[PDB]
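Residue numbers (the authors' numbering), protein chains in the order written: chain c, 4 to 238; chain f, 5 to 234; chain e, 6 to 243; chain a, 2 to 233; chain d, 6 to 245; chain g, 1 to 246; chain I, 1 to 198; chain b, 8 to 241. As structure tokens, the structure follows; a few thoughts come after it.
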Amino acid sequence: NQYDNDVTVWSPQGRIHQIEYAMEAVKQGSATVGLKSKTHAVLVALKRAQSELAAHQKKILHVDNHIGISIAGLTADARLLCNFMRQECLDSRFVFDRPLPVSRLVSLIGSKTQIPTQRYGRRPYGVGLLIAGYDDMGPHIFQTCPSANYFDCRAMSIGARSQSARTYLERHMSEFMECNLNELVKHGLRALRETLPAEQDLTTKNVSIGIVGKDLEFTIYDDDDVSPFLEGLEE
Amino acid sequence: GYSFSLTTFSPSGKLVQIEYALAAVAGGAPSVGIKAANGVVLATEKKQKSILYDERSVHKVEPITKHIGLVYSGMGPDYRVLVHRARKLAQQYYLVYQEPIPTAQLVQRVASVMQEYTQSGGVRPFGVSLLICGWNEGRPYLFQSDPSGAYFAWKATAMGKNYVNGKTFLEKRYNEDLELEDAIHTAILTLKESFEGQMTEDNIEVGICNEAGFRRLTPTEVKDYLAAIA
Amino acid sequence: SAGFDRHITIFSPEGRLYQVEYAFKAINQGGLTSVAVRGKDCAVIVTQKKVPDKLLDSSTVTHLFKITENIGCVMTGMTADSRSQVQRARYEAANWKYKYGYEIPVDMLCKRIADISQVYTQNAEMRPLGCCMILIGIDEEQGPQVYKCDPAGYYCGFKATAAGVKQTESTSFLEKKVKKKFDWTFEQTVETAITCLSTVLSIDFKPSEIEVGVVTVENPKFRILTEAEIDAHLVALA
Amino acid sequence: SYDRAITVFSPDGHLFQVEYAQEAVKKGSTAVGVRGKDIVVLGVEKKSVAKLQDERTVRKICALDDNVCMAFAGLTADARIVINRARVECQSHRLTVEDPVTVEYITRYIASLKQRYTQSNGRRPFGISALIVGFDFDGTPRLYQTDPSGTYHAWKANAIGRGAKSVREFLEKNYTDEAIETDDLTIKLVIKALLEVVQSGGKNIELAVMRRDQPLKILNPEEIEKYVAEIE
Amino acid sequence: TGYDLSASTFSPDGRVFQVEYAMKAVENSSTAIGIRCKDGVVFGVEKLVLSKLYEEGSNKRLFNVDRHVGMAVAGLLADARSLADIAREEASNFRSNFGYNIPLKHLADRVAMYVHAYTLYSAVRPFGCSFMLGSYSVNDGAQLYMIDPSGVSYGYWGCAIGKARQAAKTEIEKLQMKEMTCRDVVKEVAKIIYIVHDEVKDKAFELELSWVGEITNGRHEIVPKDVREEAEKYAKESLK
Amino acid sequence: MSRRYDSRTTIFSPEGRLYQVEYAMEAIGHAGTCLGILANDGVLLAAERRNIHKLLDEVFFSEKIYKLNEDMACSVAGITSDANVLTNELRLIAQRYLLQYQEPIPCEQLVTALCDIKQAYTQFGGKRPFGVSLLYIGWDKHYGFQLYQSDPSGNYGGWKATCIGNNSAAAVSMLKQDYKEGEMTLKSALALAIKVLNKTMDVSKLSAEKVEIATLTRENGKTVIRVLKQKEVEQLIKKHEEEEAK
Amino acid sequence: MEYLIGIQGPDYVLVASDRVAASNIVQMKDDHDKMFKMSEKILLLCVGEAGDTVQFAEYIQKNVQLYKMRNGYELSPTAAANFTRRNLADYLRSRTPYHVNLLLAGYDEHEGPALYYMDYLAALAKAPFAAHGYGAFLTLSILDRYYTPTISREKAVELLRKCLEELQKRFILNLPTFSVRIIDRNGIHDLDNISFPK
Amino acid sequence: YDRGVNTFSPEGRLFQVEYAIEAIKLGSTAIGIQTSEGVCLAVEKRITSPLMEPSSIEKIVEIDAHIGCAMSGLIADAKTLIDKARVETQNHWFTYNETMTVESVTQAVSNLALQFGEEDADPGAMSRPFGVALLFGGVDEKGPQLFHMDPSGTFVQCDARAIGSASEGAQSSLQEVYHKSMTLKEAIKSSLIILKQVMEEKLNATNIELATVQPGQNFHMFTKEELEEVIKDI
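This is the structure we're talking about:
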């Protein structure tokens, strides 16, 4: 009530409740997952639809040839950062004539999120992000937060029922590096299987995936491209 | 930066913040001034808790120019900024018109700056009042300004604590055809009626203006005025 | 109290400012004290240095500052306010010499500094600084001078000052001491100023416990007194 | 400068600040209008006249152009700003495009003018609801009502101000197409619609009309007296 | 009565709670320590890995300010990542303008000036971070400073930041850090961090160290794992 | 900007009214009683000075009777503060008309130009409104003699007669019965004004140091603004002392 | 160069101009209208660089219409001049100074008809007659001969043609097509455009 | 009062965005439908008074030859976005000399939708988000696609959606009535059956609007002429 109002208000606990409720926006939306191998990196996100007539919202976006992202949270905060992320990927080759390292790109992603936190009246972006890409050092998955901090992980299960599906990622984590293209998808499909009961399965309309790799630049496979991967594996 | 004005109207309609400023300058150090004959006399009192503070260092009486000088009763530090902008307006006057500034036109341009701070956002009104001393075109000038920016004019006036008694004491003692030297006497009499305790030359701060310009008095010539003679 | 006068800066029902008076009493929260005495050829400042941690460096932590070549400084209040306000004091003297081509006097130096602290009070935007500035130096015509700038902007020439946890008691203690009204030379100004804080605080200062800056006629450049001569002044009481 | 959110929603989704702008419209003066074929008749009743007022300044019926006039009912403050800016939009439309000011086009600018200051930071919504009347090319009558919220509509017969809901309700039964063939049918019917709030008065009422390609004309009390002479 | 609703207001006791509340975010931040020595300065970080998903090198609190300067922080982990660029501004501009390496004091000055700049207004909030800055120079040598959320700069023989300060500080006051070499003490620095550690909330963690000093010839470097394992596996002997 | 410290002057009331603007409507009701009379051969403005004291200087001029420009003058009822800021900005805009068009500004164009400044505040900018009410008299090349009355909200309008300041309401009641529309003249407006004043004036004795009246008369093709000296005024006061009973 | 001429009578102002606009060695259009209607009783002409004439004219023309809406009454000829000059002098110090030679005509409600003269240097001179372009060399000497302040408008039309036909007899340009408009108490009226039946 | 527009709820929602949905539920009811031949957009005018001309309120405007626009909820916020999308289409056409796809048109609307804020903004900033609902149909090389948008700017391809006050009873029935590839003109008459059920008034010819689009035909609004044949089957 008193101190819950604004971002710049310091509570006696030191926490910022507007950053707290900014992280709540991740729990308020569909779960998104991503994972990487020694070379390849795969983003498998659940496409969500409000009703059964409407099609499912596509959480997977295209950033650069070697980079792609997915969001869990407020849906329109992506295209705000997506315009800047796609701009910095162009700024790289426009100057350095080479793809920008992911550590240098995500460091600029946090920047735009650092400014509104310490200034009055503004808002942080409460959507969770998944940033994966291949570079000289290989795949790097950097997740960010509305707190403006960015992490690095091999795989992440975030959104609604986030920690419930991380047990599957925790058990097979040793395999994720050894997984090939199929084994990344085999454990990528079961990654979202832990986020939904058997009554909700992985189907062409509500599920889309994407893959970036060593010699394979980032691509997006939606329905019939994943049909041999979707069908044949059981929940 | 705040763009919102800090002062709003009361249910009665009167400005609430500036109304407090009249009580701010009321509890301050009393000050006396009179427009008499060849010039205007200003007698203030500089008082501290102990003699440890020097009189000559900082003065309440400051010249705006050779002609014009000011006194104040209210918040002390708020008188600073008014000194610079005055002299700044005085020089910007002297650059354009190459002449000393009349006392009339000077106050309006200074009061307009004070009233800009009762309008623009994030700025509080002044907690100090001004008595304008100037001599122009042969006739002396004594003006009174308030925190609201309204400028007045007085043949004789009083400012600070006990102005109630002072105004009644002025209507008694004050008369016309009084010389600057005689106007000093009436100013000291009012301060003797106002200030409680013994009155020395180091407490009282006096300065005057005339055809020879605005000059601040020395402690030596005040000794003859401490005897209640002129 | 009426309205927001307890928070922002606006005139009270009796025409005062609560926020400015609050930060004025916040100077007592510094947990230290300072005093300044004007001598014949010199200006002496006796200030307290608090080093509770042996890890804390004694030399780099000081209230004694160097504003310019001929002028020193001391600060009493919040260190963040002090350390920041002193940087702007160096911009002035720099721009001063860049403008008028000579060292700024102690008189004009406190003016421009304290008048900028008034922009604080006039605005609910910027809070005032809880640092109480005390500046000394040399004006070759008038010799040494001693000033103190409150967060409100008030300043005057002081024969002696009061600062720190105990202020009103300092001037009350300086009543009988300055009442002697003898002429204090360089060493007499130093020895008498040390007696000030030593009796009130009930300490009997050690050379490492305090620090004393000085500036003189013959030495217009500011002088930092080493602990070798401090104990030489400390034995004047014994 | 000054940036702050002004217009905000309500627990039910309503606009507090905008609805209060509509409240001052109903409690102001009463203005009416009806769209005929060749001519559109406007009127307003001001009961604030103390007999000491100069009647040139009190006019709420202005002209944004030769083809478009206007009236309004509401707070008299914000009206003068819209009257000036719209006239600036007229000449700027002529300066940019030689074609004259379209009656439907000038409304969209004013509707965007209102709505802009409504939703923009550090502003206030207009307490005016203005009736914009103008004819398109080749005898095409167009009548427009506005809203402080920015939404505008068209009306064959319309009323705003005090008790105008009943005036529309009274015209709902009494307004047909057998009438309003001539200006005499429109005016008297408007005055008959004005008879709701009549105090034994109507010298308080000011009438003005615009007809086809003809320039604006304000009816004198003499022409009104002929219509006042017929009541029963 | 709402005196602390903003940092621009002083409480009737004269104490600013908002900058103090910003320190409470540092008081709840994870504990990291570093100490200067005669050869140079050593930095350290205790990183809390909550889940196995965290990759090595993630959540790195070891920062590179300049060639000869590193950084270690306590507070919100995204705070100093802005100051990282700000510290590189003075690092780049000084070498650009004045054409040589910046001393630690001159860097710790303007940064502390920038920390204090946000305590002023009500339209910004002060930094929720507190950090220390060491370096090494030929004319100066190892120096150690720290900037609190209020922007205050002090010289230190040793310092501690984060959750528990005096827990390490008192132990650092017991053991003499003055004439010892950073290569010898880097084993004991980990032991002090392990003493600060307690298992109730926090479970597992890792140590992150950095190099600057005569061993590196003044250029700030990073410690390899094996040389740290020499301290780690020795700290395991001193773990009990 | 925060929130709490911003009082939101531009927000409507639940009744669809403006608090700050209506507080100024009452604020000018506590101001100096002032009235004006539109006549055929001239126009005048009566203004009571709220400061009546012996030590007052009173050497300059009527003090709240000012001169806008060659054409027009103005009275003042309200807070004396914001009245001085407007007169400067009025002369600015008034000279900008004469700058480009090389004509003296008409009465209507000058009033509608200032009222946009008042409405630029109540609408936006966040600044507080004005607590000043002003009367506008003057002659123009078109409409001739004019009498206008402004307000804090920015609205205005013409008047044959009107009163502002203290006891403005009851002063109109005497103007309802006594005043003849359009029949009055400059010399006859003297008796008409003071006859309404002496009853509506709360302080008796009817002295020139209380109310000081100025007139505006066009002469030799040029508008002339004149202030009657206390001598002639006290003669007109003694004229009312004759016309009160005798 | 294109030519302008105007004459101020006691109750009237008569203006005449060439309608031919040319470029290079050819005349593109002979019907180009120089005469612009500013307001009811006010009318304006201009000559200069081919593009600046129409460009600068509409600004001064439409800005007067904005005044007529606010106060309800149109500007006087005197007010239009000084408002045109100061606005024309401001464009000189900009990057694109306009080459302008114009004639301002209007009927005041008191002074009646008025004629004003300005140049690309923005110098306002009140004169009963003025000319522009190269024709000002071969024409204005004729006016001083036959002109009187009391001249009737029909004598002006006669003497106008005597000044105009001089251009084909001597001056090198053709300029056959001329236009005529006049302002009086009743406002703007039109007369037959002067042509030359070769 | 005592809150900002950027303040998150205890449930993690934007305040003004929460009530932006409640503001739409007071407006007119529209239902879009996607099919093979095109996208059907039909909305009842919701006449608020008999004296109002039905041609005054127009809820269907044509931005692109094959792509139309709709209006729901707050009426004023649409005319602000009407020009914004029309600028984007011509700014795109002036650049690449080609027509923008229907998917990218919705991308430009959400860009200007989140520009609202207070601090660190421009003079053209918005205080509150747009309370208007948008249904964008159109046909291109990608095929006919129906796009449903919310106040927060979220847009997705949709088979059928119900917006407005009557959406509740309609949306539950739209799941029942709409099936697969059923053609365009069959979805027009099947909608009016449910529209007649959900509205509180009687169905009239000019009380509703009907406009569709085909692959080889421009988007066209249908006047009362064809509406007589529309209501002819009921």
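Yeah, the Cβ is synthetic: ideal placement off N, Cα and C, and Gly gets one too.
Beyond the five residues adjoining it in sequence on each side, e:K55 comes within less than 8 Å, by CB distance, of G36 and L37 in the same chain, given in chain order. In chain order, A6, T8, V9, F10 and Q120 make up the part of chain a whose C-beta sits under 8 Å from the C-beta of b:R135. Boundaries around f:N169 are those of the alpha helix (DSSP H), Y167 to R177, since no beta strand (DSSP E) includes it. I:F56 is classed as buried because its beta carbon has at least 16 other beta carbons within 10 Å across all chains shown.
Distance check between a:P222 and each of a:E56, a:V198 and a:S2 places a:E56 closest, using alpha-carbon atoms only. DSSP, reduced to helix, strand and coil, places d:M182 outside both helices and strands of the structure shown, so it counts as coil. Taking the beta carbon of b:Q23 as reference, the chain a residues within 8 Å of it are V9 and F10, listed in sequence order.
A Cβ-Cβ distance of about 6 Å is found for the pair g:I37 and g:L192, placing them in contact under the 8 Å criterion.
For the pair f:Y101 and f:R84, the Cα-to-Cα distance works out to about 26 Å.
Each residue's CA atom was taken as its position, placing b:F229 and b:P57 some 22 Å apart.
Beyond the five residues adjoining it in sequence on each side, b:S43 comes within less than 6 Å, by CB distance, of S188 in the same chain, given in chain order. Between f:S35 and f:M163 a beta carbon distance of about 5 Å is seen, short of the 8 Å cut, so the two are scored as contacting. Against chain b, a Cβ distance below 9 Å from a:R169 picks out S56 and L58. Burial of c:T35 is indicated by the presence of at least 16 other C-beta atoms within 10 angstroms of its C-beta. If you compare the alpha carbons of a:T77, a:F10, a:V59 and a:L190 with that of a:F127, the shortest gap goes to a:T77. Between the stretch 23-40 of chain g and the stretch 14-25 of chain f, the count of C-beta pairs closer than 8 Å reaches three or more; the two stretches touch. At a cut-off of 8 Å between beta-carbon atoms, c:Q117 makes contact with chain d. Within the stretch 66-138 of chain f, the complete beta strand (DSSP E) segments of 3 residues or longer fall at 73-78, listed in chain order. Look at the stretch 149-182 of chain c and you find these whole runs of beta strand (DSSP E), each 3 residues long or longer: 158-161.
By the Cβ-count criterion, e:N100 is exposed, with fewer than 16 other Cβ atoms from all chains shown falling within 10 Å of its own Cβ.
Taking 8 Å as the threshold, the shortest C-beta distance from d:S11 to chain g falls below it.
With respect to the 8 Å criterion, f:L184 and f:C137 are not classified as neighbours on the basis of their beta carbons. Apart from sequence neighbours up to five positions away, the residues of its chain that approach a:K47 with a beta-carbon distance below 6 Å are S30 and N205, ordered along the chain. Within the same chain, Cβ atoms closer than 7 Å to the Cβ of f:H189 are found at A234, the five residues on either side in sequence being excluded.
Excluding five sequence positions before and after I:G187, the CB atoms of its chain that fall closer than 8 Å to its own CB belong to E40, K41 and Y107, given in chain order. Non-local C-beta neighbours of g:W159 in its own chain, meaning closer than 6 Å and more than five positions away in sequence, comprise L147 and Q149, ordered along the chain.
I:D190 carries a strand assignment under DSSP once its states are collapsed to helix, strand and coil. The residue from g:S168, g:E183 and g:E209 with its alpha-carbon nearest to that of g:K199 is g:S168.
The Cβ atoms of c:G216 and c:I63 lie no closer than 8 Å to each other. Residues of the stretch 57-75 of chain e with a C-beta less than 9 Å from any C-beta of chain d: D58, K59, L60, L61, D62, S63, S64, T65 and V66, listed in chain order.
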